[PDB]
Amino acid sequence: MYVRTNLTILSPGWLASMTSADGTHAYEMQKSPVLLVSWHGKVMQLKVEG
Amino acid sequence: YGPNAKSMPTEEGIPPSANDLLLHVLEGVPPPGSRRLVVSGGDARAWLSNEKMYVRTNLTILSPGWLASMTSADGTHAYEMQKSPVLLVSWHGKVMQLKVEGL
Amino acid sequence: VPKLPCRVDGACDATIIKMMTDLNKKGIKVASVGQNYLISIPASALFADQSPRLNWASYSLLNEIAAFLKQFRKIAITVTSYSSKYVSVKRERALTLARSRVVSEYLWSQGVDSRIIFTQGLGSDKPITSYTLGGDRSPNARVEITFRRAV
Amino acid sequence: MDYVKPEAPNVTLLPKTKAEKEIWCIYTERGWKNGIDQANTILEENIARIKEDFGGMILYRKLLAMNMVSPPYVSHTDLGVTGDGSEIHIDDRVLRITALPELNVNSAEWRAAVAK
Amino acid sequence: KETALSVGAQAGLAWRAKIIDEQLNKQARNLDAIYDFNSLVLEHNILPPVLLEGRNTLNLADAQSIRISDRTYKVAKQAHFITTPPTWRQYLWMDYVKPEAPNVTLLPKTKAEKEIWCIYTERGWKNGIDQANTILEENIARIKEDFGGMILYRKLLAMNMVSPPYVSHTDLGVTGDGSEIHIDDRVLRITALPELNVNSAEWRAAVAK
Amino acid sequence: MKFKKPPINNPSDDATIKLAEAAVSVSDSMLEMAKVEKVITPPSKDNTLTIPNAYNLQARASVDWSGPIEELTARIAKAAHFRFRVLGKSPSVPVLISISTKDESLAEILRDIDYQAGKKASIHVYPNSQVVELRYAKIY
Amino acid sequence: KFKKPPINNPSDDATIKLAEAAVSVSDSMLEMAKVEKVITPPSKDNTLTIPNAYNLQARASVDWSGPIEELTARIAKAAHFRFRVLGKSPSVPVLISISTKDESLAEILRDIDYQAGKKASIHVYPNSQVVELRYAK
Amino acid sequence: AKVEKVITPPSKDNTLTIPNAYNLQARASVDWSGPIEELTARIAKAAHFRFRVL
Amino acid sequence: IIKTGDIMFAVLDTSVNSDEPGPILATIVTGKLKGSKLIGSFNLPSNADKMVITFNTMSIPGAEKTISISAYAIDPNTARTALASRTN
Amino acid sequence: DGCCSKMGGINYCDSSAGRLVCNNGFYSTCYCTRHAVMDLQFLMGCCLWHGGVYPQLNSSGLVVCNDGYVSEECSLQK
């Protein structure tokens, strides 16, 4: 799975994690149905699906 | 990317696994280009190659912090660490200090 | 190398042989098996009649055996206490446990070196001799210390 | 404390007579006292520094008990076997921490306490 | 002084070298008996390669970043052809030469010079002793590593963890001109080097009794 | 009234101590190698079927040979008064067998020889024809 | 009177440990060789039996390095046996090198077939005094 | 540390008990580092047990 | 590379009187340079209480080169600049 | 150096133990090799528990350690 966002990730962990200068991140990892996304110091959960 | 480009992307990856020299340390083979040291305090051997101490023993080091550890199948251990003239170890519940010369 | 100790401090094998000779002259049993050591003391020279009260003169021989035990370098020592069968198994088991506890506490109070002190009381379960005529005068009323000299 | 025995006895001008030898002795005594006090000062500063370290550690522990700081958090991953035909690694796991501890500016998440 | 130190070091090193070579010469048959090589060779006279295994490897790359590997295996020395089995003499035997050149420029004048010359000779003797012991220790460690790599290749080949070597032999009959003739040309090439399998099927388990 | 532990040998050598310390480790690794390989490989056949015992084979020997097999088995055939037989061609690389044993039968010597040879050669016997045959490895 | 001790006896702890470890590694590697060695049953072996007629008992000193058919026909001529082939000879000749000073013709042909291996075979009949070659298919 | 450490009671511990069968009392020297399935099939074959995976 | 002003040792064989000029050779007996030899000459002092040897032409084996280091000599185990001769 | 007294005298040094073995069958107390367990808990030397003494040549009397620590107590002041 490849993801483009501007927030951080906590539980699943990337396999690679690059970012641009302005604050856009591109992460890549193995496919997990659940994501732990961090933003502004707080934590939320995302449910991904096919 | 243009020739006038302000910034380059940030790149990372998997951290490195281990050094290849540590296996020769586990065998007791000194690495090429290194030189032998002096160990005082018990059963331990030491070498210096690239501003890093490499030590083969079977005890457990305490004080100065090490960068890498390798384990045999027989309790023999190899440590890659910073240069330090002194070492702290625990032998059988007793605390011992090791003096290293040649640094 | 002059800062390095050529010998271990406070070691003289001639003194070791001298105090072992004096111990066997006093009659307390001392045995060495390879690198293991077992010392047995009769309780009649140590306690009162079936009671864990210590005679004041026994502390001299306690100092002597502590000075002997200062010599070796070891990690774990074990004390066991044997006695006779008097009223119940419970009574003499408790008495042996208390005697071993008190002598172990005194040995830790003295400056002997170990990491582990194990103490056990067994009473009259393993007689070393079938001659059970006497009571505390019978030689099986005893205390044993065992350890292994490690390098 | 680092200790090296010094071996540098050198005199520029020797004290000639008894009076200057006497003042040489008393100034040696003054230097002895000054070196003693200097070593005590350095030791006291080391004591203060390590007290600072342990106090900061226990202050963080008490603050996390008070729910004033964010706990740290670490992502962990693990893969299968890897490596080339010459070198292989059986289980490869990687732990990178992501959430550093920091204070939380919102006040309502702070639980008080009461002893007895 | 310094010359006494150097000649004492030379004498001690040569003396210890002759002593240890004498001991190695005396203990002959059990040495090469325990260090076999010809029993470990392969079908087509190829030297088996060298393996290494480490366990529980941890690398702190920096702060906030650690990596744990369970078991690591290394191909150290690659397999190749051979003509004769190796022995222990190219791994353990010590060089010997007696330095027979006492070119004395510092002639002993006084007994103080003689005695400090004696004690410098003593510490040079000791330095030669420990130097020879260090060299012998490095030698025996290296040959232990070599034998361990050989037996590790044997074990991981028996455990179906490595690929066997593959060698093709091509056979031709008579060849050459009317002045040179070869009877039966036979050329065999090892096409496939041994390597470690990575799939989940080749793994083989064992249990003792 | 003095004290003494029993074992008092001649004084030792540090390099021999290091040699034995290495050798016990190598022996342990090789021993667990042998155990696990024995576990994963059940045996199939015994070489007693290929070479059985016979009469006038019970003369004994103590030997020390570390060279080619051919002169050794020629000496064996001369002792046994059996006719020598060779099948196949010797390879360019010689077959080297090192043997240090004592007081065993000719049958045991030959069985140890063929076990040490393995896949390079084999030994057959026909006491009915009183012949002893060495067959080389036909390979490539 | 003086039963002398063994001279090169291991009178040291290092020596007895070394020799005992050598004994252990010798026996264990011998067992490794025992479990790895593969043999053949003596009934199913691809070996040429000896018909032991009197015409095959002659001796010769023969060195040869080359093909098979001319040598076998020459052997049949020397032993007064008819010789025939069966199948087809390969384009590459089957080359056999042998060298003997004194040997009998039956085991000479037995080692010839042993050198031949899989690609050819020889059947010898002493009733109708013939030798027959048979190539592979 | 005593108020911090929290552990499981033996009422709901998810640890597999010893089946105490006759044939499962053998001694073995085992080294393995790999997938579980081939190892447990090998153990079942050595102990003469049928083995399946769902 | 040789440090400025160090000390080596040699043995001279070609003896001469302080009367007529002549080349005199010594042979280096230790140190890093081994097998090297050195030809040179002498000087005459006004008073006969000492003597030094002008050593300038040093030859080293191995490579065909001829260095020209100028050096003087000292009496071993006396550490003085005198000469072993008679003055009467 | 007198170690196996009131015994048979010294026989040989167990190098694997780093310890002398007497002619009497016991392990002696004196050490022979430096690869042995001597309980050394005190030693001299400055810039310890650090990068060691920095080997650069400095005009001033201060001596620094390689890890950045300043060894002013090993240094002299005025």
# chains A, B, ... in the order shown; residues from 1 in each chain; ligands from 1
>>> interface_residues(of="chain G", to="chain E", cutoff="9 Å", atoms="only C-alpha atoms", output="MDAnalysis selection string")
chainID G and resid 15 18:19 21:26 29 33 65:66 92:95
>>> write_last_selection(atoms="N, CA and C atoms", output="PDB file, in the first residue's frame")
ATOM      1  N   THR G  15      47.315 -33.740  26.421  1.00  0.00           N
ATOM      2  CA  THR G  15      47.531 -34.809  25.458  1.00  0.00           C
ATOM      3  C   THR G  15      46.419 -35.847  25.510  1.00  0.00           C
ATOM      4  N   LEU G  18      43.343 -34.304  23.984  1.00  0.00           N
ATOM      5  CA  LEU G  18      43.526 -34.202  22.542  1.00  0.00           C
ATOM      6  C   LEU G  18      43.341 -35.551  21.864  1.00  0.00           C
ATOM      7  N   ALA G  19      43.945 -36.598  22.428  1.00  0.00           N
ATOM      8  CA  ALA G  19      43.870 -37.920  21.823  1.00  0.00           C
ATOM      9  C   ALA G  19      42.474 -38.512  21.954  1.00  0.00           C
ATOM     10  N   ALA G  21      39.704 -36.698  22.061  1.00  0.00           N
ATOM     11  CA  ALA G  21      38.903 -35.970  21.085  1.00  0.00           C
ATOM     12  C   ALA G  21      39.175 -36.463  19.672  1.00  0.00           C
ATOM     13  N   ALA G  22      40.424 -36.840  19.392  1.00  0.00           N
ATOM     14  CA  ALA G  22      40.761 -37.421  18.098  1.00  0.00           C
ATOM     15  C   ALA G  22      40.073 -38.765  17.901  1.00  0.00           C
ATOM     16  N   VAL G  23      40.003 -39.566  18.967  1.00  0.00           N
ATOM     17  CA  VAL G  23      39.281 -40.835  18.932  1.00  0.00           C
ATOM     18  C   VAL G  23      37.808 -40.602  18.629  1.00  0.00           C
ATOM     19  N   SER G  24      37.215 -39.610  19.298  1.00  0.00           N
ATOM     20  CA  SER G  24      35.801 -39.304  19.116  1.00  0.00           C
ATOM     21  C   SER G  24      35.509 -38.827  17.699  1.00  0.00           C
ATOM     22  N   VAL G  25      36.358 -37.944  17.165  1.00  0.00           N
ATOM     23  CA  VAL G  25      36.106 -37.419  15.828  1.00  0.00           C
ATOM     24  C   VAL G  25      36.353 -38.491  14.774  1.00  0.00           C
ATOM     25  N   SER G  26      37.299 -39.406  15.020  1.00  0.00           N
ATOM     26  CA  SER G  26      37.548 -40.490  14.081  1.00  0.00           C
ATOM     27  C   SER G  26      36.362 -41.437  14.018  1.00  0.00           C
ATOM     28  N   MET G  29      33.213 -39.497  12.499  1.00  0.00           N
ATOM     29  CA  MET G  29      33.301 -39.315  11.056  1.00  0.00           C
ATOM     30  C   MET G  29      33.260 -40.646  10.326  1.00  0.00           C
ATOM     31  N   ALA G  33      30.607 -41.566   7.465  1.00  0.00           N
ATOM     32  CA  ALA G  33      30.905 -42.272   6.224  1.00  0.00           C
ATOM     33  C   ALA G  33      30.031 -43.511   6.064  1.00  0.00           C
ATOM     34  N   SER G  65      44.859 -48.045 -25.975  1.00  0.00           N
ATOM     35  CA  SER G  65      44.083 -46.857 -25.639  1.00  0.00           C
ATOM     36  C   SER G  65      43.339 -46.453 -26.904  1.00  0.00           C
ATOM     37  N   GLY G  66      42.057 -46.787 -26.967  1.00  0.00           N
ATOM     38  CA  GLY G  66      41.257 -46.435 -28.109  1.00  0.00           C
ATOM     39  C   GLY G  66      39.930 -47.157 -28.137  1.00  0.00           C
ATOM     40  N   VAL G  92      30.547 -40.757 -32.119  1.00  0.00           N
ATOM     41  CA  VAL G  92      31.731 -40.671 -31.265  1.00  0.00           C
ATOM     42  C   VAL G  92      32.137 -42.088 -30.865  1.00  0.00           C
ATOM     43  N   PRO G  93      33.382 -42.489 -31.105  1.00  0.00           N
ATOM     44  CA  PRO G  93      33.804 -43.836 -30.718  1.00  0.00           C
ATOM     45  C   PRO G  93      33.871 -43.992 -29.209  1.00  0.00           C
ATOM     46  N   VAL G  94      33.562 -45.199 -28.753  1.00  0.00           N
ATOM     47  CA  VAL G  94      33.635 -45.537 -27.338  1.00  0.00           C
ATOM     48  C   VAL G  94      35.069 -45.952 -27.047  1.00  0.00           C
ATOM     49  N   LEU G  95      35.764 -45.149 -26.256  1.00  0.00           N
ATOM     50  CA  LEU G  95      37.200 -45.276 -26.085  1.00  0.00           C
ATOM     51  C   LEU G  95      37.507 -45.883 -24.727  1.00  0.00           C
TER      52      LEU G  95
END
>>> residues_around(residues="residue 12 of chain G", least_positions_apart="5", cutoff="8 Å", atoms="only C-alpha atoms", output="list in words")
residues 9, 10, 11 and 12 of chain F
>>> closest_atom_pairs(of="chain F", to="chain C", cutoff="10 Å", atoms="only C-alpha atoms", output="CSV")
residue,atom,partner,partner_atom,distance
F:1,CA,C:21,CA,8.1
F:2,CA,C:21,CA,8.5
F:3,CA,C:17,CA,8.7
F:4,CA,C:32,CA,9.5
F:5,CA,C:34,CA,6.8
F:6,CA,C:34,CA,8.9
F:7,CA,C:34,CA,9.8
>>> residues_around(residues="segment 29-31 of chain J", least_positions_apart="3", cutoff="6 Å", atoms="only C-alpha atoms", output="ChimeraX atom specification")
/C:6-7 /J:19
>>> write_last_selection(atoms="N, CA, C and O atoms", output="CSV table (one decimal), in the first residue's frame")
chain,number,residue,atom,x,y,z
C,6,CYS,N,50.4,-9.2,42.1
C,6,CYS,CA,51.0,-10.5,41.7
C,6,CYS,C,50.3,-11.6,42.4
C,6,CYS,O,50.1,-12.7,41.8
C,7,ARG,N,49.9,-11.4,43.6
C,7,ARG,CA,49.1,-12.4,44.4
C,7,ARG,C,47.7,-11.8,44.7
C,7,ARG,O,47.5,-10.6,44.7
J,19,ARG,N,46.5,-19.4,36.4
J,19,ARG,CA,46.9,-19.5,37.8
J,19,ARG,C,48.0,-20.6,37.9
J,19,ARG,O,48.0,-21.6,37.1
>>> interface_residues(of="chain D", to="chain J", cutoff="6 Å", atoms="only C-alpha atoms", output="number ranges by chain")
D: 2-4
>>> residues_around(residues="residue 77 of chain I", least_positions_apart="3", cutoff="10 Å", atoms="only C-alpha atoms", output="PyMOL selection string")
(chain E and resi 105-109) or (chain I and resi 74+80)
>>> interface_residues(of="chain D", to="chain H", cutoff="10 Å", atoms="only C-alpha atoms", output="PDB file with C-alpha atoms, in the first residue's frame")
ATOM      1  CA  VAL D  81      13.586 -13.743   5.377  1.00  0.00           C
ATOM      2  CA  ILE D  90      15.849 -14.846   9.114  1.00  0.00           C
ATOM      3  CA  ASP D  91      13.693 -12.395  11.075  1.00  0.00           C
TER       4      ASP D  91
END
>>> atom_distance(atom1="atom CA of residue 15 of chain A", atom2="atom CA of residue 69 of chain E")
16.0 Å
>>> interface_residues(of="chain C", to="chain J", cutoff="7 Å", atoms="only C-alpha atoms", output="count of residues only")
7
>>> interface_residues(of="chain B", to="chain C", cutoff="8 Å", atoms="only C-alpha atoms", output="number ranges by chain")
B: 92-94
>>> write_last_selection(atoms="N, CA, C and O atoms", output="mmCIF file, in the first residue's frame")
data_model
loop_
_atom_site.group_PDB
_atom_site.id
_atom_site.type_symbol
_atom_site.label_atom_id
_atom_site.label_comp_id
_atom_site.auth_asym_id
_atom_site.auth_seq_id
_atom_site.Cartn_x
_atom_site.Cartn_y
_atom_site.Cartn_z
ATOM 1 N N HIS B 92 29.744 -12.871 38.130
ATOM 2 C CA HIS B 92 28.792 -13.820 38.691
ATOM 3 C C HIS B 92 28.009 -13.147 39.808
ATOM 4 O O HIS B 92 27.852 -13.681 40.906
ATOM 5 N N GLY B 93 27.532 -11.940 39.537
ATOM 6 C CA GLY B 93 26.975 -11.097 40.565
ATOM 7 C C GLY B 93 27.988 -10.198 41.229
ATOM 8 O O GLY B 93 27.639 -9.499 42.189
ATOM 9 N N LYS B 94 29.228 -10.199 40.756
ATOM 10 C CA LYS B 94 30.276 -9.336 41.269
ATOM 11 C C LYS B 94 30.713 -8.384 40.165
ATOM 12 O O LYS B 94 30.801 -8.772 38.995
#
>>> residues_around(residues="segment 25-34 of chain I", least_positions_apart="5", cutoff="12 Å", atoms="only C-alpha atoms", output="ChimeraX atom specification")
/E:2-3,6-7,101-106 /I:1-2,6-16,39-42,53-62,72-73
>>> interface_residues(of="chain D", to="chain B", cutoff="9 Å", atoms="only C-alpha atoms", output="PyMOL selection string")
chain D and resi 89+92+94
>>> interface_residues(of="chain E", to="chain D", cutoff="7 Å", atoms="only C-alpha atoms", output="list in words")
residues 64, 65, 66, 67, 68, 69, 70, 71, 72, 73, 74, 75, 195, 196 and 198 of chain E
>>> closest_residue(among="E:148, E:54, E:48, E:99", to="chain F", atoms="only C-alpha atoms")
E:148
>>> decode(residues="segment 11-23 of chain A", atoms="N, CA, C and O atoms", output="PDB file, in the first residue's frame")
ATOM      1  N   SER A  11       0.847   3.323  14.499  1.00  0.00           N
ATOM      2  CA  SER A  11       0.894   1.886  14.778  1.00  0.00           C
ATOM      3  C   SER A  11       1.444   0.973  13.672  1.00  0.00           C
ATOM      4  O   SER A  11       2.278   0.119  14.003  1.00  0.00           O
ATOM      5  N   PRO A  12       1.039   1.058  12.388  1.00  0.00           N
ATOM      6  CA  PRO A  12       1.452  -0.022  11.472  1.00  0.00           C
ATOM      7  C   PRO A  12       2.901   0.076  11.030  1.00  0.00           C
ATOM      8  O   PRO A  12       3.558  -0.957  10.853  1.00  0.00           O
ATOM      9  N   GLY A  13       3.420   1.286  10.847  1.00  0.00           N
ATOM     10  CA  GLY A  13       4.805   1.461  10.466  1.00  0.00           C
ATOM     11  C   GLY A  13       5.029   1.318   8.977  1.00  0.00           C
ATOM     12  O   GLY A  13       4.579   0.348   8.360  1.00  0.00           O
ATOM     13  N   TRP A  14       5.733   2.278   8.389  1.00  0.00           N
ATOM     14  CA  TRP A  14       5.990   2.256   6.962  1.00  0.00           C
ATOM     15  C   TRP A  14       7.110   1.277   6.631  1.00  0.00           C
ATOM     16  O   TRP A  14       7.855   0.818   7.500  1.00  0.00           O
ATOM     17  N   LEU A  15       7.218   0.951   5.347  1.00  0.00           N
ATOM     18  CA  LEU A  15       8.435   0.362   4.810  1.00  0.00           C
ATOM     19  C   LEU A  15       9.352   1.404   4.196  1.00  0.00           C
ATOM     20  O   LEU A  15      10.575   1.234   4.217  1.00  0.00           O
ATOM     21  N   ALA A  16       8.779   2.475   3.653  1.00  0.00           N
ATOM     22  CA  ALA A  16       9.530   3.650   3.242  1.00  0.00           C
ATOM     23  C   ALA A  16       8.676   4.878   3.513  1.00  0.00           C
ATOM     24  O   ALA A  16       7.444   4.805   3.512  1.00  0.00           O
ATOM     25  N   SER A  17       9.336   6.010   3.742  1.00  0.00           N
ATOM     26  CA  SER A  17       8.633   7.217   4.169  1.00  0.00           C
ATOM     27  C   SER A  17       9.392   8.431   3.662  1.00  0.00           C
ATOM     28  O   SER A  17      10.413   8.805   4.245  1.00  0.00           O
ATOM     29  N   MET A  18       8.899   9.055   2.596  1.00  0.00           N
ATOM     30  CA  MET A  18       9.527  10.246   2.050  1.00  0.00           C
ATOM     31  C   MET A  18       8.586  11.429   2.209  1.00  0.00           C
ATOM     32  O   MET A  18       7.389  11.265   2.456  1.00  0.00           O
ATOM     33  N   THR A  19       9.138  12.633   2.085  1.00  0.00           N
ATOM     34  CA  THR A  19       8.316  13.830   2.168  1.00  0.00           C
ATOM     35  C   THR A  19       8.936  14.940   1.334  1.00  0.00           C
ATOM     36  O   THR A  19      10.127  14.917   1.011  1.00  0.00           O
ATOM     37  N   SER A  20       8.098  15.909   0.981  1.00  0.00           N
ATOM     38  CA  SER A  20       8.534  17.091   0.262  1.00  0.00           C
ATOM     39  C   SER A  20       8.898  18.188   1.258  1.00  0.00           C
ATOM     40  O   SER A  20       8.832  18.005   2.476  1.00  0.00           O
ATOM     41  N   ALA A  21       9.292  19.348   0.736  1.00  0.00           N
ATOM     42  CA  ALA A  21       9.697  20.445   1.606  1.00  0.00           C
ATOM     43  C   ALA A  21       8.508  21.147   2.249  1.00  0.00           C
ATOM     44  O   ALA A  21       8.615  21.616   3.387  1.00  0.00           O
ATOM     45  N   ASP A  22       7.375  21.230   1.550  1.00  0.00           N
ATOM     46  CA  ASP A  22       6.240  21.996   2.049  1.00  0.00           C
ATOM     47  C   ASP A  22       5.405  21.245   3.078  1.00  0.00           C
ATOM     48  O   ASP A  22       4.610  21.877   3.779  1.00  0.00           O
ATOM     49  N   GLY A  23       5.557  19.928   3.188  1.00  0.00           N
ATOM     50  CA  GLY A  23       4.846  19.192   4.216  1.00  0.00           C
ATOM     51  C   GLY A  23       3.904  18.116   3.714  1.00  0.00           C
ATOM     52  O   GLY A  23       2.934  17.772   4.396  1.00  0.00           O
TER      53      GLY A  23
END
